[PDB]
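Report on one structure; see the data block that follows.
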Amino acid sequence: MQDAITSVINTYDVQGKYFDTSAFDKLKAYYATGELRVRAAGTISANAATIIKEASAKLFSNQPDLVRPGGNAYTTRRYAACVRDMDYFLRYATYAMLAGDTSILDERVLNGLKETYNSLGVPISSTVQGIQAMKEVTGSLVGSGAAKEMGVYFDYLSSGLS
Amino acid sequence: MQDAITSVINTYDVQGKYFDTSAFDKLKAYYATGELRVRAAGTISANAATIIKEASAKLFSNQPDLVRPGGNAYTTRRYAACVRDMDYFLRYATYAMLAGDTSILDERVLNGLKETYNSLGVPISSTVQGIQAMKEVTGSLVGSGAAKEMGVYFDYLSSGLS
Amino acid sequence: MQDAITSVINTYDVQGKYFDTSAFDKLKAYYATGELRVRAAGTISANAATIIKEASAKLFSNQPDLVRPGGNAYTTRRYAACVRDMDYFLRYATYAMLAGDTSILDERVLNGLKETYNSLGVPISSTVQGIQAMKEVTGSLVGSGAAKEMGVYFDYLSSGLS
Amino acid sequence: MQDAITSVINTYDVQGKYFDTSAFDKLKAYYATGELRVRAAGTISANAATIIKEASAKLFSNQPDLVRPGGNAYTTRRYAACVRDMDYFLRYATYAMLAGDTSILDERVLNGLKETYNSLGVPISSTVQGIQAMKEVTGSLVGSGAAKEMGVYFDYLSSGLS
Amino acid sequence: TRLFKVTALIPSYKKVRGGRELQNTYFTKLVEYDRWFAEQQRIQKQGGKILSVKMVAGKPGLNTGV
Amino acid sequence: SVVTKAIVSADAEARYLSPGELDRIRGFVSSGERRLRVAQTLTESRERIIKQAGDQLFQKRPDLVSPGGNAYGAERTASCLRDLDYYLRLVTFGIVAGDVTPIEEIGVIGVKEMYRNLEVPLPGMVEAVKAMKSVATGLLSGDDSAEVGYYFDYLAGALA
Amino acid sequence: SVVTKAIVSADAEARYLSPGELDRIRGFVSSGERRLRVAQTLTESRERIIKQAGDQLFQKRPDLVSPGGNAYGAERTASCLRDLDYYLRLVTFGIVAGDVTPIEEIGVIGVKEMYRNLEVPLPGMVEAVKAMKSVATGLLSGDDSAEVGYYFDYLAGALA
Amino acid sequence: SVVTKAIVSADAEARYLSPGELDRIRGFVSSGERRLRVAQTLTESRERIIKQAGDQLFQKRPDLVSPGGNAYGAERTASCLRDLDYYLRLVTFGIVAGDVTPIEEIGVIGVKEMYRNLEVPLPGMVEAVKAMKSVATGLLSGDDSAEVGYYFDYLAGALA
Amino acid sequence: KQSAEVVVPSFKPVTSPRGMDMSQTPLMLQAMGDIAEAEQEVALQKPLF
Ligand SMILES: CCC1=C(C)/C(=C/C2=NC(=C\c3[nH]c(/C=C4\NC(=O)[C@H](C)[C@H]4CC)c(C)c3CCC(=O)O)/C(CCC(=O)O)=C2C)NC1=O
Ligand SMILES: CCC1=C(C)/C(=C/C2=NC(=C\c3[nH]c(/C=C4\NC(=O)[C@H](C)[C@H]4CC)c(C)c3CCC(=O)O)/C(CCC(=O)O)=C2C)NC1=O
Ligand SMILES: CCC1=C(C)/C(=C/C2=NC(=C\c3[nH]c(/C=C4\NC(=O)[C@H](C)[C@H]4CC)c(C)c3CCC(=O)O)/C(CCC(=O)O)=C2C)NC1=O
Ligand SMILES: CCC1=C(C)/C(=C/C2=NC(=C\c3[nH]c(/C=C4\NC(=O)[C@H](C)[C@H]4CC)c(C)c3CCC(=O)O)/C(CCC(=O)O)=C2C)NC1=O
Ligand SMILES: CCC1=C(C)/C(=C/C2=NC(=C\c3[nH]c(/C=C4\NC(=O)[C@H](C)[C@H]4CC)c(C)c3CCC(=O)O)/C(CCC(=O)O)=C2C)NC1=O
Ligand SMILES: CCC1=C(C)/C(=C/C2=NC(=C\c3[nH]c(/C=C4\NC(=O)[C@H](C)[C@H]4CC)c(C)c3CCC(=O)O)/C(CCC(=O)O)=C2C)NC1=O
Ligand SMILES: CCC1=C(C)/C(=C/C2=NC(=C\c3[nH]c(/C=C4\NC(=O)[C@H](C)[C@H]4CC)c(C)c3CCC(=O)O)/C(CCC(=O)O)=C2C)NC1=O
């Protein structure tokens with residue numbers, strides 16, 4: 001993984017240039033938003049169980065067949081795996097929000113999750129619906145700015161699965 | 001002597017301190033019990049002779065030898081001095097109950113009383129028994145709430161004599 | 001481990017003897033008690049969490065200091081470790097009862113317990129009292145016939161600890 | 001492990017007590033020493049290689065037989081392991097000084113060190129001499145008050161080894 | 001389900017080793033199902049790129065026999 | 001206090017308290033909460049009372065803080081204001097006590113010899129306590145102001 | 001503690017503390033006084049915080065003190081409030097420590113097993129700590145209330 | 001950086017970041033502005049630092065530029081100065097990152113093998129880095145010199 | 001099967017020692033001296049009266 005600071009470091013390293021004015025502008029932009037990110041992450045940490053419970057309720061209410069017999073989320077085992085996946089998605093989106101970069105989602109979330117779900121038979125559209133449900137529930141909790149910030153990484157997860 | 005209020009005032013005077021919230025709490029606590037103490041004091045004053053009759057009768061029934069020839073309460077003079085002493089104890093216990101403090105019991109009653117009784121020949125265990133009898137007789141008249149209060153001062157007298 | 005049947009078999013195998021009438025009598029006794037042992041083991045399996053609850057409640061009622069600050073079972077971690085130790089004792093007692101032999105209490109349980117508990121400062125007397133508490137609860141649960149049998153293994157565990 | 005804060009927390013947790021004035025005074029004293037501790041830690045960290053060089057130089061000057069053929073510090077492996085142990089002692093002494101508490105010295109240094117060295121034939125008196133040389137070098141670099149404080153942790157190590 | 005066939009590349013970042021390491025970087029292995037979460041997490045934490053994962057033994061969506 | 005005074009009077013006569021003394025005590029404890037709120041209010045505004053009373057006193061009596069005055073200088077002015085603080089605290093004690101017994105026991109008996117040994121003028125003390133009376137009764141409501149004014153009158157009369 | 005985490009993190013990498021971690025410790029040492037003041041504010045008001053949090057808990061979750069509820073009975077309700085007082089004490093500990101390490105070691109590790117062996121509902125614990133958070137942050141200024149709410153939020157998340 | 005280390009430490013335990021880790025990140029973002037100011041200052045003084053550092057290295061170690069030395073010739077001396085420029089850029093990256101992790105990832109892992117293959121003397125590296133440290137710290141104020149010199153010290157230790 | 005004994009039964013806790021409170025520590029003594037100065041300064045911050 002790489003955060004925003006390490007991201008700009010790597011980008012300026014690949015051309016072998018020293019930091020220009022724009023690089024310091026990017027770094028100032030990140031450090032300015034860091035404190036909002038820390039409130040957002042602390043709030044989400046406080047309410048991770050609540051967010052996952054509300055999002056799962058919304059997903060399984062909009063798609064009742066998932067947890068009725070024959071659905072992918074029908075058993076205690078497969079339901080528990082589903083809510084474990086949503087818990088991991090939310091915590092990693094919190095990580096990517098604190099870092100200010102979608103890299104950790106590439107290295108530690110999307111790195112083989114697509115074809116793991118594909119071989120498992122997990123429906124992609126339903127998982128996207130669950131990610132969107134976590135997105136709405138989390139935004140309503142963290143307020144407008146942190147909601148936009150978290151939503152960026154949530155749509156990164158959705159598009160990675162899509 | 002000092003009552004409860006002047007006890008608080010002295011506590012705060014030695015410290016050079018204006019009244020705290022705790023000081024106001026203790027003052028409210030004393031002001032709340034004032035009507036109870038006044039009612040109990042009036043009842044005790046109205047029934048002092050009856051209280052002495054009952055307590056002395058109980059003491060002389062439980063220790064007959066006190067009033068037999070050779071006993072400390074054997075004469076009309078020494079019997080009258082006995083019931084006079086019981087009136088002392090009841091009246092000063094009533095003062096202490098009104099005051100909400102036992103300082104007057106220390107300065108006016110218990111000071112040098114042990115050596116006085118030892119020099120006189122007065123049995124001090126029998127006097128504590130008379131005070132306990134007086135406590136029991138008074139508690140029935142004043143009522144449970146006032147009985148619990150008067151018992152404290154009767155106990156202070158008994159402990160100081162014992 | 002070793003059970004009653006395997007104990008008889010090894011006893012005769014060391015002697016290199018076919019089974020005599022005494023060996024068949026011992027095997028008959030174990031086969032006769034087998035139904036009682038199976039019923040008791042089923043009851044304990046059905047009520048183990050209950051048994052741990054009443055045994056822990058009784059032990060911490062008899063010695064409240066254990067779970068109050070300063071006691072060995074005072075914290076969430078140490079309370080949970082206490083309950084886990086009691087779960088060991090109950091489950092291995094049930095194993096030994098079903099086996100009819102105390103060997104498994106020697107290998108899996110009593111080997112090195114004193115050293116661990118004296119290293120940790122775990123009070124061995126209080127642990128013995130907890131084992132006794134489990135003994136009353138389990139004996140009351142299993143019934144008259146099985147209570148005597150399970151007492152053998154609980155007291156074996158207690159004597160190994162003390 | 002423990003530091004000064006955790007030590008006060010534990011002594012008030014065993015008693016189930018909220019913090020008193022005495023505990024707040026102890027916490028204030030540690031918070032007052034924190035700046036000096038961080039200064040000494042930074043100085044030692046910048047100068048660790050210098051300290052190890054000088055201390056091992058005095059040790060091998062006084063005990064030349066340790067580096068003559070056959071001595072315990074005679075091979076490149078054993079010399080490297082000797083100066084590595086000296087680096088360990090310096091690092092854990094600095095940790096302990098920064099924590100204000102010697103518990104880390106017992107937990108992470110002194111535990112089994114004596115019979116580690118005895119099973120390896122490492123001389124323990126010469127290790128204590130190395131620790132004293134290290135203390136003398138460190139005192140000159142960190143200043144008088146920091147020297148006195150650092151001597152406490154070096155002496156704790158020396159006494160635990162002896 | 002019971003079996004994933006996983007092809008993964010694990011590069012090296014911490015150090016350059018004297019050992020060849022062609023053994024350990026690009027590999028294919030068979031990891032049993034309830035090991036796959038932990039194994040995938042470890043592979044992602046080492047910095048590798050999981051190239052493919054396949055079903056081999058069991059049938060996706062089965063309830064019993066898992 | 002009120003209870004102490006009644007009890008001491010009954011004890012001198014070696015009797016129980018009369019219905020009148022008990023009624024006095026009952027009316028005393030019945031009015032405890034309002035006098036206690038008055039003491040609360042005076043305690044809350046202690047710093048303002050001392051500040052304003054000292055200002056009023058030194059405007060009315062400039063000779064006290066001029067050279068040759070007893071309170072000349074920061075230190076002696078602070079000792080002056082601290083005496084005012086003493087007397088305000090005594091007044092709060094007297095308010096909760098229901099009589100001027102704390103005031104008399106701590107700050108009246110022997111005050112003449114004390115302030116003579118300190119070269120402190122007594123007319124200065126009465127002017128200071130009247131200043132504090134004005135400032136403190138300004139804060140309180142009319143009945144409570146009158147009650148507090150009675151205690152400040154007792155103090156001014158004791159000094160004068 | 002902050003120093004303990006810094007030392008343990010450095011030890012896990014077998015290194016001295018870097019200037020960043022030493023600066024972190026320097027800031028924590030600087031804020032120690034504010035932390036002690038907050039801890040004293042929460043300690044002096046522990047009875048009020050416990051009483052009000054118990055109230056709010058039992059209005060918001062009547063089933064707990066309702067028949068069949070874990071807190072049913074005066075004795076069980078006293079145990080409930082005693083647990084609340086344990087956790088308030090641990091919160092003050094974590095305030096002075098600068099981290100949730102005392103809270104986790106004393107009241108969070110194995111708490112699920114303990115409350116399961118006690119038949120205590122964890123949503124009840126979460127609601128109770130939310131009640132304590134509301135009451136205790138009401139007693140503090142915004143800057144201090146935020147940092148206390150952080151410890152209370154960690155406690156709620158660890159119980160949930 | 002510090003944020004990445006906090007994230008990977010939290011993910012190792014499969015947890016959210018604790019209030020202590022969040023406070024550490026808060027302190028880091030607070031120090032970010034001074035870190036960018038320092039990195040800007042060193043970035044502005046590119047050519048100065050390189051020039052004096054190279055001159056001190058070549059006067060202190062004439063053998064490197066002398067016949068048979070590794071840097072003999074205009075192109076080899078240019079490569080020497082180019083390596084110095086690389087390492088100064090890495091130090092600026094470390095200043096912004098708050099740690100020596102970028103220096104570690106770009107210019108420290110396998111550096112000894114690289115300079116063995118290039119026949120570059122490692123003590124010459126250490127002396128060049130020390131000269132760079134001296135020039136950079138000189139061009140800075142008293143405060144910036146400590147944190148900048150820490151990175152040069154780490155780099156020289158890596159080469160040594 | 002050389003021995004059935006447990007080599008590591010547990011680790012003895014190091015949470016609390018006996019004595020050596022380290023409150024007599026000289027720099028702790030210096031801090032306790034300095035807190036007195038801080039308290040005195042706070043006291044002189046109050047009005048003189
Ligand atoms: C074959 C394995 C399997 C099981 C067992 C299973 C149960 C199950 N019960 C559910 C809801 C529920 N289940 C209950 C039952 C509870 N109400 C009381 O508390 C009782 C203690 C308890 C019943 C005895 C309730 C109330 C809900 C609704 C919860 C909600 O909507 O928030 C749900 C969520 C979606 C739904 O509404 O169906 C599942 C998946 N699903 C499975 O695939
Ligand atoms: C850290 C990132 C990461 C993730 C997220 C991850 C997910 C993951 N989910 C799995 C199973 C599963 N995952 C799901 C979840 C789906 N079912 C529902 O329909 C939803 C639409 C949807 C979730 C919102 C289910 C039901 C299973 C069980 C599949 C089965 O056993 O047939 C497995 C198989 C191995 C195991 O469960 O132990 C993995 C590896 N792995 C990772 O390394
Ligand atoms: C040496 C001086 C002395 C005297 C005189 C004296 C009298 C005396 N009479 C008593 C009881 C008594 N005294 C009487 C006598 C009265 N009954 C009738 O009314 C008559 C008019 C009258 C007698 C002529 C009675 C009936 C009692 C019993 C009271 C009772 O038990 O309730 C008692 C209480 C203890 C006891 O029962 O013995 C005393 C002390 N004690 C003394 O130390
Ligand atoms: C410092 C760490 C620590 C904690 C927290 C702790 C809690 C604790 N609570 C207990 C009982 C209890 N605790 C509660 C509290 C619960 N009831 C309600 O449902 C609420 C949701 C909730 C409180 C908010 C109750 C009702 C009991 C009595 C249970 C019983 O008697 O069966 C007990 C059993 C022994 C005893 O009563 O002393 C422990 C050990 N112990 C510890 O060492
Ligand atoms: C058997 C394996 C082994 C080796 C090799 C070994 C080397 C060794 N060389 C030492 C000192 C030394 N070694 C040297 C050698 C250097 N001087 C020049 O720079 C040269 C480049 C270089 C030699 C060619 C010098 C000068 C000293 C003295 C250091 C001093 O006096 O400060 C010491 C310190 C203790 C002592 O002098 O007795 C050791 C242990 N020890 C071992 O157990
Ligand atoms: C003994 C048999 C064997 C060999 C030879 C082998 C090569 C090999 N080279 C690797 C990486 C690499 N190999 C190179 C070399 C290339 N880069 C430049 O373009 C050059 C033109 C070219 C070399 C001439 C580089 C730069 C890397 C690092 C790639 C990375 O950053 O991950 C790796 C990945 C792990 C590691 O970095 O150590 C292997 C396994 N593996 C084996 O099992
Ligand atoms: C960003 C991290 C990084 C570094 C540091 C790096 C070093 C590096 N230095 C090189 C050459 C060189 N570097 C030097 C420098 C040495 N001459 C003296 O001995 C001095 C002690 C010392 C300079 C202070 C010299 C002389 C060469 C030429 C080697 C030759 O032609 O034989 C080369 C060979 C490729 C080229 O010349 O462009 C590399 C890769 N490469 C990297 O990707």
Side-chain angles (χ1 to χ4, degrees), chain B residues 1-4 6-7 10 37 40-41 44-45 47-139 141-142 146-162, chain F residues 3-17 21:
Chain B
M1 67 154 282
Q2 61 173 357
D3 45 347
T6 57
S7 180
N10 290 146
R37 294 168 196 280
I44 290 170
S45 173
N47 296 115
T50 295
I51 284 164
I52 300 298
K53 288 183 195 349
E54 301 211 343
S56 50
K58 177 150 155 283
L59 173 80
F60 298 142
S61 315
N62 289 136
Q63 270 177 270
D65 189 359
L66 278 185
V67 291
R68 293 181 184 271
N72 191 249
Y74 172 73
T75 46
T76 59
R77 186 191 56 85
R78 274 195 260 128
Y79 189 107
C82 180
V83 289
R84 197 276 326 274
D85 275 23
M86 292 176 95
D87 184 275
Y88 280 162
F89 288 126
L90 177 58
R91 183 162 53 83
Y92 276 94
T94 301
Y95 292 163
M97 183 278 288
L98 277 164
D101 186 15
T102 61
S103 182
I104 190 170
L105 304 189
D106 282 327
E107 66 182 1
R108 298 299 261 145
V109 190
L110 287 184
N111 174 239
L113 183 59
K114 212 191 64 63
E115 293 83 3
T116 307
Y117 281 167
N118 285 357
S119 162
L120 286 177
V122 169
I124 295 185
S125 293
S126 288
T127 302
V128 180
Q129 286 322 123
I131 288 166
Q132 292 306 101
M134 185 180 288
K135 177 201 316 207
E136 302 159 358
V137 173
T138 304
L141 294 174
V142 298
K148 172 59 63 64
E149 201 48 53
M150 267 304 267
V152 159
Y153 305 105
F154 278 116
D155 280 344
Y156 192 82
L157 283 167
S158 283
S159 310
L161 270 191
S162 299
Chain F
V3 182
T4 300
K5 275 258 171 191
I7 278 166
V8 164
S9 48
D11 186 74
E13 293 179 353
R15 46 157 182 98
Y16 290 82
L17 267 76
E21 295 146 35

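Numbers restart at 1 for each chain; the letters A, B, ... are given by sequence-line order, proteins then strands. What's counted below: heavy atoms across the whole structure, side chains too, no hydrogens, waters or symmetry copies.
Ring pair B/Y79/B/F60 is tilted by interplanar angle, where 30° to 60° counts as tilted.
With contacts defined as side-chain heavy-atom distances shorter than 4.5 Å, the pair B/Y153/B/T138 does not qualify. The shortest side-chain heavy-atom distance between B/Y74 and B/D65 does not fall under the 4.5 Å cut-off. B/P123 is listed as a side-chain neighbour of B/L66, based on a closest heavy-atom distance under 4.5 Å. Between B/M1 and B/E107, the closest side-chain pair of non-hydrogen atoms falls below 4.5 Å. Using a 4.5 Å heavy-atom cutoff, the side chains of F/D11 and B/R91 are in contact. At a threshold of 4.5 Å between non-hydrogen side-chain atoms, the residues B/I51 and B/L90 count as touching. B/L110 is not listed as a side-chain neighbour of B/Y92, based on a closest heavy-atom distance of 4.5 Å or more.
The environment of CZ in B/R84 is crowded: more than 12 heavy-atom neighbours from other residues, nucleotides or ligands sit within 6.0 Å. Under a cut-off of 6.0 angstrom, the local environment of CZ in F/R15 is crowded, with over 12 non-hydrogen atoms contributed by other residues, nucleotides or ligands. Applying the 6.0 Å contact sphere to NZ of F/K5 captures no more than 12 heavy atoms from other residues, nucleotides or ligands. Remark: B/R108 CZ is loosely packed, at most 12 non-hydrogen atoms of other residues, nucleotides or ligands lying under 6.0 Å away.
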Give the table of side-chain donor-acceptor pairs shorter than 3.5 Å for residues 155-162 of chain B, with sequence neighbours excluded, one pair per line with atom names and distance.
unit_1 : atom_1 : unit_2 : atom_2 : d
B/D155 : OD1    : B/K135 : NZ     : 2.2
B/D155 : OD2    : B/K135 : NZ     : 3.4
B/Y156 : OH     : B/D106 : OD1    : 2.5
B/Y156 : OH     : B/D106 : OD2    : 2.6
B/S158 : OG     : B/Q132 : OE1    : 2.9
B/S158 : OG     : B/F154 : O      : 3.4
B/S159 : OG     : B/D155 : O      : 2.7
B/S162 : OG     : B/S158 : O      : 2.7

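Within the structure, salt bridge (charged side-chain N to carboxylate O under 4.0 Å, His left out) contacts touching residues 121-130 of chain B (residues at least two apart or in different chains) do not occur.
With hydrogens and angles left out, the side-chain atoms of B/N10 and B/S7 include no donor and acceptor closer than 3.5 Å.
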